[PDB]
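So this one's target-v3.txt, compact mmCIF, N, CA and C atoms:
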```txt
# COMPACT_ATOMS: atom_id res chain seq x y z
N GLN D 1 -3.30 12.17 19.91
CA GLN D 1 -4.52 11.52 19.42
C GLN D 1 -4.21 10.10 18.95
N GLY D 2 -3.08 9.94 18.25
CA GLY D 2 -2.65 8.68 17.64
C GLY D 2 -3.31 8.46 16.29
N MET D 3 -3.45 9.57 15.53
CA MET D 3 -4.07 9.77 14.22
C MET D 3 -4.53 8.50 13.49
N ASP D 4 -3.62 7.71 12.86
CA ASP D 4 -4.06 6.50 12.17
C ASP D 4 -2.89 5.63 11.66
N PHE D 5 -3.22 4.68 10.79
CA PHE D 5 -2.35 3.73 10.12
C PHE D 5 -2.48 3.94 8.57
N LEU D 6 -1.61 3.29 7.78
CA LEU D 6 -1.63 3.40 6.34
C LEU D 6 -2.89 2.74 5.82
N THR D 7 -3.91 3.53 5.49
CA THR D 7 -5.20 3.02 5.01
C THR D 7 -5.17 2.64 3.54
N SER D 8 -6.18 1.85 3.09
CA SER D 8 -6.34 1.45 1.69
C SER D 8 -6.52 2.66 0.74
N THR D 9 -6.97 3.81 1.28
CA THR D 9 -7.15 5.07 0.58
C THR D 9 -5.76 5.64 0.29
N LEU D 10 -4.94 5.81 1.33
CA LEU D 10 -3.58 6.32 1.25
C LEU D 10 -2.70 5.44 0.36
N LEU D 11 -2.91 4.12 0.41
CA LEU D 11 -2.12 3.19 -0.40
C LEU D 11 -2.60 3.18 -1.86
N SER D 12 -3.91 3.36 -2.10
CA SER D 12 -4.43 3.38 -3.48
C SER D 12 -3.87 4.56 -4.29
N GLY D 13 -3.61 5.68 -3.63
CA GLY D 13 -3.02 6.85 -4.26
C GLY D 13 -1.54 6.71 -4.54
N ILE D 14 -0.84 5.94 -3.71
CA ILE D 14 0.59 5.70 -3.90
C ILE D 14 0.77 4.73 -5.06
N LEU D 15 -0.01 3.65 -5.07
CA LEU D 15 0.08 2.64 -6.11
C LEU D 15 -0.39 3.16 -7.47
N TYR D 16 -1.49 3.95 -7.53
CA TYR D 16 -2.01 4.48 -8.80
C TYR D 16 -0.94 5.27 -9.55
N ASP D 17 -0.21 6.08 -8.82
CA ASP D 17 0.87 6.90 -9.29
C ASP D 17 2.05 6.10 -9.83
N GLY D 18 2.32 4.94 -9.23
CA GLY D 18 3.36 4.04 -9.70
C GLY D 18 2.97 3.37 -11.01
N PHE D 19 1.68 2.96 -11.13
CA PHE D 19 1.12 2.33 -12.34
C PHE D 19 0.98 3.37 -13.48
N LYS D 20 0.66 4.62 -13.12
CA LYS D 20 0.54 5.73 -14.06
C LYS D 20 1.91 6.05 -14.71
N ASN D 21 3.01 5.88 -13.96
CA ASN D 21 4.35 6.14 -14.48
C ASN D 21 5.10 4.86 -14.95
N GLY D 22 4.39 3.73 -15.02
CA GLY D 22 4.95 2.47 -15.51
C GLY D 22 5.99 1.81 -14.63
N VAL D 23 6.02 2.18 -13.34
CA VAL D 23 6.95 1.69 -12.30
C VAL D 23 6.45 0.38 -11.58
N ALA D 24 7.34 -0.61 -11.40
CA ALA D 24 6.98 -1.83 -10.67
C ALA D 24 6.88 -1.57 -9.15
N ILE D 25 5.94 -2.25 -8.49
CA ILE D 25 5.76 -2.08 -7.06
C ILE D 25 6.79 -2.90 -6.32
N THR D 26 7.80 -2.24 -5.79
CA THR D 26 8.85 -2.92 -5.04
C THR D 26 8.90 -2.42 -3.59
N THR D 27 9.66 -3.14 -2.72
CA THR D 27 9.92 -2.76 -1.33
C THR D 27 10.53 -1.34 -1.31
N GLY D 28 11.63 -1.13 -2.04
CA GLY D 28 12.29 0.16 -2.17
C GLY D 28 11.39 1.28 -2.64
N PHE D 29 10.49 1.01 -3.61
CA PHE D 29 9.53 2.00 -4.11
C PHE D 29 8.60 2.43 -2.97
N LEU D 30 8.08 1.47 -2.21
CA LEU D 30 7.19 1.77 -1.10
C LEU D 30 7.94 2.50 0.01
N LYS D 31 9.17 2.11 0.28
CA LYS D 31 10.02 2.73 1.29
C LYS D 31 10.22 4.22 0.97
N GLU D 32 10.47 4.53 -0.31
CA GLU D 32 10.64 5.88 -0.85
C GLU D 32 9.37 6.73 -0.66
N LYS D 33 8.20 6.12 -0.82
CA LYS D 33 6.91 6.80 -0.67
C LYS D 33 6.40 6.90 0.77
N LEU D 34 7.06 6.22 1.73
CA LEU D 34 6.59 6.21 3.12
C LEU D 34 7.50 6.95 4.10
N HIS D 35 8.05 8.11 3.71
CA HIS D 35 8.86 8.91 4.64
C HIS D 35 7.94 9.45 5.74
N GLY D 36 8.38 9.33 6.99
CA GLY D 36 7.58 9.70 8.14
C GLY D 36 6.73 8.56 8.68
N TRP D 37 6.90 7.34 8.14
CA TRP D 37 6.17 6.18 8.62
C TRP D 37 7.12 5.16 9.25
N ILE D 38 6.59 4.36 10.15
CA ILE D 38 7.35 3.30 10.82
C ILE D 38 7.08 2.02 10.05
N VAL D 39 8.09 1.48 9.35
CA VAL D 39 7.87 0.26 8.59
C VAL D 39 9.12 -0.61 8.52
N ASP D 40 8.93 -1.90 8.79
CA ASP D 40 9.95 -2.93 8.78
C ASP D 40 10.11 -3.45 7.33
N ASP D 41 11.33 -3.41 6.79
CA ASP D 41 11.67 -3.82 5.43
C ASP D 41 11.15 -5.20 5.00
N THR D 42 11.21 -6.20 5.89
CA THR D 42 10.72 -7.55 5.61
C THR D 42 9.18 -7.56 5.53
N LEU D 43 8.51 -6.71 6.32
CA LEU D 43 7.06 -6.53 6.31
C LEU D 43 6.62 -5.82 5.02
N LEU D 44 7.43 -4.86 4.53
CA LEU D 44 7.18 -4.15 3.28
C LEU D 44 7.20 -5.11 2.09
N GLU D 45 8.10 -6.10 2.13
CA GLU D 45 8.25 -7.11 1.08
C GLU D 45 7.01 -7.97 1.02
N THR D 46 6.48 -8.37 2.18
CA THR D 46 5.25 -9.15 2.22
C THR D 46 4.05 -8.34 1.73
N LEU D 47 4.01 -7.03 2.06
CA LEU D 47 2.94 -6.14 1.61
C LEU D 47 3.00 -6.00 0.08
N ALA D 48 4.20 -5.75 -0.48
CA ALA D 48 4.40 -5.62 -1.92
C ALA D 48 4.03 -6.91 -2.66
N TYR D 49 4.51 -8.09 -2.16
CA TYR D 49 4.20 -9.39 -2.75
C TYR D 49 2.67 -9.60 -2.84
N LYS D 50 1.93 -9.24 -1.79
CA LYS D 50 0.49 -9.43 -1.75
C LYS D 50 -0.23 -8.53 -2.77
N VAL D 51 0.27 -7.29 -2.93
CA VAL D 51 -0.26 -6.28 -3.84
C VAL D 51 -0.06 -6.72 -5.29
N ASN D 52 1.15 -7.21 -5.61
CA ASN D 52 1.50 -7.64 -6.95
C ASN D 52 0.64 -8.80 -7.47
N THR D 53 0.35 -9.78 -6.60
CA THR D 53 -0.45 -10.94 -6.98
C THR D 53 -1.96 -10.58 -7.11
N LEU D 54 -2.39 -9.37 -6.69
CA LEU D 54 -3.78 -8.93 -6.86
C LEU D 54 -4.06 -8.35 -8.27
N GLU D 55 -3.00 -8.02 -9.04
CA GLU D 55 -3.04 -7.44 -10.38
C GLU D 55 -4.03 -6.27 -10.48
N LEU D 56 -3.61 -5.11 -9.96
CA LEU D 56 -4.42 -3.90 -9.95
C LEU D 56 -3.92 -2.82 -10.91
N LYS D 57 -2.84 -3.08 -11.67
CA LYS D 57 -2.22 -2.17 -12.64
C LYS D 57 -3.19 -1.39 -13.56
N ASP D 58 -4.26 -2.05 -14.04
CA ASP D 58 -5.21 -1.45 -14.96
C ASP D 58 -6.33 -0.66 -14.30
N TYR D 59 -6.49 -0.75 -12.96
CA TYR D 59 -7.58 -0.05 -12.29
C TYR D 59 -7.24 1.39 -11.87
N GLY D 60 -8.28 2.17 -11.55
CA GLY D 60 -8.15 3.54 -11.10
C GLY D 60 -8.07 3.62 -9.59
N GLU D 61 -7.58 4.75 -9.06
CA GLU D 61 -7.37 4.98 -7.64
C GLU D 61 -8.47 4.42 -6.71
N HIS D 62 -9.72 4.86 -6.88
CA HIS D 62 -10.87 4.47 -6.07
C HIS D 62 -11.27 2.99 -6.20
N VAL D 63 -10.88 2.32 -7.29
CA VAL D 63 -11.15 0.89 -7.47
C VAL D 63 -10.00 0.04 -6.89
N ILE D 64 -8.76 0.56 -6.93
CA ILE D 64 -7.58 -0.07 -6.35
C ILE D 64 -7.80 -0.16 -4.83
N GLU D 65 -8.39 0.88 -4.23
CA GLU D 65 -8.72 0.94 -2.82
C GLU D 65 -9.67 -0.21 -2.47
N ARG D 66 -10.76 -0.35 -3.23
CA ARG D 66 -11.76 -1.39 -3.08
C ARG D 66 -11.14 -2.77 -3.09
N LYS D 67 -10.28 -3.07 -4.07
CA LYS D 67 -9.63 -4.38 -4.15
C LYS D 67 -8.60 -4.62 -3.02
N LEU D 68 -8.13 -3.55 -2.36
CA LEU D 68 -7.23 -3.69 -1.22
C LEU D 68 -8.07 -4.12 -0.02
N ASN D 69 -9.26 -3.50 0.17
CA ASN D 69 -10.19 -3.82 1.25
C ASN D 69 -10.70 -5.26 1.18
N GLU D 70 -10.83 -5.80 -0.03
CA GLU D 70 -11.24 -7.18 -0.25
C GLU D 70 -10.16 -8.21 0.16
N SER D 71 -8.90 -7.75 0.37
CA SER D 71 -7.79 -8.61 0.79
C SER D 71 -7.69 -8.61 2.31
N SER D 72 -7.80 -9.80 2.89
CA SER D 72 -7.79 -10.01 4.34
C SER D 72 -6.39 -9.90 4.91
N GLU D 73 -5.41 -10.48 4.21
CA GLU D 73 -4.01 -10.46 4.59
C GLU D 73 -3.45 -9.02 4.55
N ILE D 74 -3.88 -8.20 3.56
CA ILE D 74 -3.38 -6.83 3.41
C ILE D 74 -3.82 -5.92 4.55
N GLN D 75 -5.08 -6.05 4.97
CA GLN D 75 -5.60 -5.19 6.03
C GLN D 75 -4.92 -5.37 7.37
N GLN D 76 -4.41 -6.58 7.65
CA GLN D 76 -3.70 -6.86 8.89
C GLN D 76 -2.35 -6.12 8.94
N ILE D 77 -1.59 -6.13 7.83
CA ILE D 77 -0.30 -5.46 7.70
C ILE D 77 -0.46 -3.95 7.73
N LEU D 78 -1.49 -3.44 7.04
CA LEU D 78 -1.75 -2.02 6.96
C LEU D 78 -1.94 -1.37 8.34
N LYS D 79 -2.66 -2.03 9.25
CA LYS D 79 -2.90 -1.51 10.61
C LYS D 79 -1.62 -1.42 11.45
N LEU D 80 -0.60 -2.22 11.12
CA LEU D 80 0.69 -2.16 11.79
C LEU D 80 1.58 -1.04 11.27
N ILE D 81 1.28 -0.46 10.10
CA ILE D 81 2.09 0.61 9.54
C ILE D 81 1.57 1.94 10.04
N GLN D 82 2.28 2.52 11.01
CA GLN D 82 1.89 3.76 11.65
C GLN D 82 2.92 4.86 11.52
N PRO D 83 2.48 6.13 11.54
CA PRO D 83 3.44 7.24 11.38
C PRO D 83 4.39 7.37 12.56
N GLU D 84 5.51 8.06 12.35
CA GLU D 84 6.47 8.30 13.42
C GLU D 84 5.86 9.28 14.45
N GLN D 85 5.11 10.31 13.96
CA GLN D 85 4.40 11.35 14.72
C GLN D 85 5.31 12.19 15.62
```
Rewrite the coordinates I just gave you, this time as structure tokens.
Amino acid sequence: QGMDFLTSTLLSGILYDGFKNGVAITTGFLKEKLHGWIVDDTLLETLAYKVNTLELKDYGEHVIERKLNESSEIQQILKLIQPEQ
């Protein structure tokens, strides 16, 4: 079928959990949470950098998703992150 890519929904749940446990959003943190996904380390760094400058630490899961959708640069990278399948 070719199921999908890492959506703003899937990413909002990963990030909420990091903010809930007081953890900084790093390349390595995202790499740890994306087992079974195809992702380039340098691309992960750009994704993390873009997320950090949006300052979503205080928001909830469903609102973090909304602010990810509002980012044009983030949506382009997200579509390239696909599962190994």
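Here the question is which of D:57, D:79, D:67, D:62 gets nearest to residue 39 of chain D using only C-alpha atoms, and that residue is D:79.
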Find the residue from D:30, D:64, D:48, D:38 that sits nearest to residue 13 of chain D; use only C-alpha atoms when measuring.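 Nearest to residue 13 of chain D: D:64.
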Selected residue, from D:33, D:40, D:60, D:45, that lies nearest to residue 16 of chain D when counting only C-alpha atoms: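 Residue with the minimum atom-to-atom distance to residue 16 of chain D: D:60.
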Counting only C-alpha atoms, what is within 7 Å of segment 4-6 of chain D, bar same-chain residues fewer than 4 positions away, as a VMD selection string? chain D and resid 10 to 11 78 to 83
Check chain D with DSSP on the backbone and list each residue it calls helix (DSSP H, G or I), as a PyMOL selection string. chain D and resi 8-20+27-33+41-52+61-69+72-80
At what distance in Å, to one decimal, does atom CA of residue 27 of chain D lie from atom CA of residue 47 of chain D?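 Atom CA of residue 27 of chain D lies at a distance of 8.3 Å from atom CA of residue 47 of chain D.
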For the atom pair atom N of residue 63 of chain D and atom CA of residue 7 of chain D, what is the interatomic distance in Å to one decimal place?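 According to the coordinates, atom N of residue 63 of chain D and atom CA of residue 7 of chain D are separated by 13.6 Å.
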When you draw a straight line from atom C of residue 53 of chain D to atom CA of residue 37 of chain D, how long is it in Å?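 A separation of 24.4 Å between them.
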Given the choices D:44, D:1, D:52, D:15, which gets closest to residue 31 of chain D if the distance is worked out from all atoms listed in the file? D:44
Best match for closeness to residue 77 of chain D among D:43, D:35, D:18, D:3, counting only N, CA and C atoms: D:43
Draw an axis-aligned box tight on the listed atoms of segment 28-44 of chain D, then pad every side by 3 Å and write out centre and edge lengths in Å to one decimal as AutoDock Vina command-line options.
```
--center_x 9.2 --center_y 1.1 --center_z 3.4 --size_x 12.1 --size_y 23.3 --size_z 20.9
```
Using DSSP on the backbone coordinates, identify all residues within chain D classified as strand (DSSP E or B); present the result as an NGL selection string. :D and (37-38 or 82-83)
For segment 6-41 of chain D in the structure I just supplied, write out N, CA, C and O atoms - as a tab-separated table (two decimals), in the first residue's frame.
```tsv
chain	number	residue	atom	x	y	z
D	6	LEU	N	5.87	10.31	8.43
D	6	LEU	CA	5.77	10.78	9.80
D	6	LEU	C	4.90	12.03	9.81
D	6	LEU	O	5.37	13.10	9.46
D	7	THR	N	3.63	11.88	10.20
D	7	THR	CA	2.67	12.99	10.23
D	7	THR	C	2.83	13.87	11.46
D	7	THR	O	3.42	13.43	12.45
D	8	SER	N	2.24	15.09	11.42
D	8	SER	CA	2.23	16.03	12.55
D	8	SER	C	1.54	15.46	13.80
D	8	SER	O	1.79	15.94	14.90
D	9	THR	N	0.65	14.46	13.62
D	9	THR	CA	-0.06	13.74	14.66
D	9	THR	C	0.94	12.84	15.38
D	9	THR	O	1.13	12.99	16.58
D	10	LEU	N	1.64	11.98	14.63
D	10	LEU	CA	2.66	11.06	15.12
D	10	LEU	C	3.81	11.81	15.80
D	10	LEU	O	4.36	11.33	16.79
D	11	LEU	N	4.18	12.98	15.27
D	11	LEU	CA	5.27	13.77	15.84
D	11	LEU	C	4.80	14.53	17.09
D	11	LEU	O	5.60	14.71	18.01
D	12	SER	N	3.54	14.97	17.14
D	12	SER	CA	3.02	15.69	18.32
D	12	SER	C	3.02	14.80	19.57
D	12	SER	O	3.25	15.30	20.67
D	13	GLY	N	2.79	13.51	19.40
D	13	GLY	CA	2.81	12.55	20.49
D	13	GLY	C	4.21	12.20	20.97
D	13	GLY	O	4.42	11.89	22.14
D	14	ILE	N	5.19	12.26	20.07
D	14	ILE	CA	6.58	11.99	20.42
D	14	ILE	C	7.13	13.18	21.20
D	14	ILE	O	7.73	13.01	22.26
D	15	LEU	N	6.88	14.39	20.68
D	15	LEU	CA	7.36	15.61	21.31
D	15	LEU	C	6.69	15.88	22.66
D	15	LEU	O	7.39	16.27	23.60
D	16	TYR	N	5.36	15.66	22.78
D	16	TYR	CA	4.63	15.91	24.04
D	16	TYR	C	5.25	15.13	25.19
D	16	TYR	O	5.50	15.69	26.25
D	17	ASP	N	5.59	13.89	24.93
D	17	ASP	CA	6.21	12.97	25.85
D	17	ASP	C	7.61	13.40	26.29
D	17	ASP	O	8.00	13.16	27.42
D	18	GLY	N	8.35	14.03	25.39
D	18	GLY	CA	9.66	14.57	25.70
D	18	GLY	C	9.56	15.79	26.61
D	18	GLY	O	10.34	15.92	27.56
D	19	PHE	N	8.58	16.68	26.34
D	19	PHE	CA	8.30	17.89	27.14
D	19	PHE	C	7.71	17.52	28.52
D	19	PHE	O	7.97	18.21	29.51
D	20	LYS	N	6.90	16.45	28.56
D	20	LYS	CA	6.30	15.93	29.78
D	20	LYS	C	7.39	15.39	30.74
D	20	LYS	O	7.23	15.49	31.95
D	21	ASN	N	8.48	14.82	30.19
D	21	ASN	CA	9.56	14.29	31.00
D	21	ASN	C	10.78	15.26	31.14
D	21	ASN	O	11.83	14.87	31.66
D	22	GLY	N	10.62	16.50	30.69
D	22	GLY	CA	11.64	17.53	30.80
D	22	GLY	C	12.88	17.35	29.96
D	22	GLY	O	13.90	17.97	30.23
D	23	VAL	N	12.78	16.53	28.90
D	23	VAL	CA	13.85	16.18	27.95
D	23	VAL	C	13.98	17.18	26.75
D	23	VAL	O	12.97	17.53	26.12
D	24	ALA	N	15.20	17.60	26.40
D	24	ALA	CA	15.41	18.48	25.25
D	24	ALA	C	15.25	17.70	23.91
D	24	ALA	O	15.58	16.51	23.83
D	25	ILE	N	14.70	18.38	22.90
D	25	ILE	CA	14.49	17.75	21.61
D	25	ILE	C	15.79	17.76	20.83
D	25	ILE	O	16.21	18.81	20.33
D	26	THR	N	16.44	16.61	20.76
D	26	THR	CA	17.69	16.49	20.03
D	26	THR	C	17.56	15.48	18.87
D	26	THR	O	16.59	14.72	18.80
D	27	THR	N	18.57	15.46	17.96
D	27	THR	CA	18.67	14.50	16.86
D	27	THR	C	18.62	13.07	17.44
D	27	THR	O	17.69	12.35	17.13
D	28	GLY	N	19.52	12.76	18.39
D	28	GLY	CA	19.56	11.47	19.07
D	28	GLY	C	18.26	11.05	19.73
D	28	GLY	O	17.90	9.88	19.65
D	29	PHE	N	17.54	12.01	20.36
D	29	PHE	CA	16.24	11.74	20.99
D	29	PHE	C	15.24	11.30	19.92
D	29	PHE	O	14.52	10.33	20.11
D	30	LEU	N	15.20	12.00	18.79
D	30	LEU	CA	14.29	11.66	17.70
D	30	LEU	C	14.68	10.33	17.06
D	30	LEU	O	13.82	9.52	16.75
D	31	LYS	N	15.96	10.08	16.92
D	31	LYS	CA	16.49	8.84	16.35
D	31	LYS	C	16.03	7.64	17.19
D	31	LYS	O	15.55	6.65	16.65
D	32	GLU	N	16.10	7.78	18.53
D	32	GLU	CA	15.67	6.79	19.52
D	32	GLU	C	14.16	6.49	19.40
D	32	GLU	O	13.73	5.36	19.58
D	33	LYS	N	13.36	7.52	19.12
D	33	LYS	CA	11.90	7.39	18.99
D	33	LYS	C	11.43	6.94	17.59
D	33	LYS	O	10.24	6.70	17.42
D	34	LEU	N	12.34	6.88	16.60
D	34	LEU	CA	11.94	6.53	15.24
D	34	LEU	C	12.49	5.18	14.75
D	34	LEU	O	12.87	5.07	13.58
D	35	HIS	N	12.48	4.15	15.61
D	35	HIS	CA	12.89	2.80	15.18
D	35	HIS	C	11.86	2.28	14.18
D	35	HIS	O	10.65	2.44	14.40
D	36	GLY	N	12.34	1.73	13.07
D	36	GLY	CA	11.47	1.27	11.99
D	36	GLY	C	11.20	2.35	10.95
D	36	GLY	O	10.40	2.14	10.04
D	37	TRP	N	11.86	3.51	11.05
D	37	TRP	CA	11.71	4.58	10.08
D	37	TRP	C	13.01	4.82	9.32
D	37	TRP	O	14.10	4.48	9.79
D	38	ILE	N	12.89	5.35	8.12
D	38	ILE	CA	14.04	5.68	7.28
D	38	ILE	C	14.32	7.16	7.50
D	38	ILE	O	13.48	8.00	7.14
D	39	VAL	N	15.46	7.49	8.14
D	39	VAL	CA	15.75	8.90	8.38
D	39	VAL	C	17.25	9.18	8.38
D	39	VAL	O	18.04	8.44	8.95
D	40	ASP	N	17.63	10.23	7.65
D	40	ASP	CA	19.00	10.70	7.49
D	40	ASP	C	19.33	11.64	8.68
D	40	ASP	O	18.60	12.60	8.92
D	41	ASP	N	20.40	11.35	9.41
D	41	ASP	CA	20.86	12.09	10.59
D	41	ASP	C	20.97	13.61	10.42
D	41	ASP	O	20.62	14.34	11.35
```
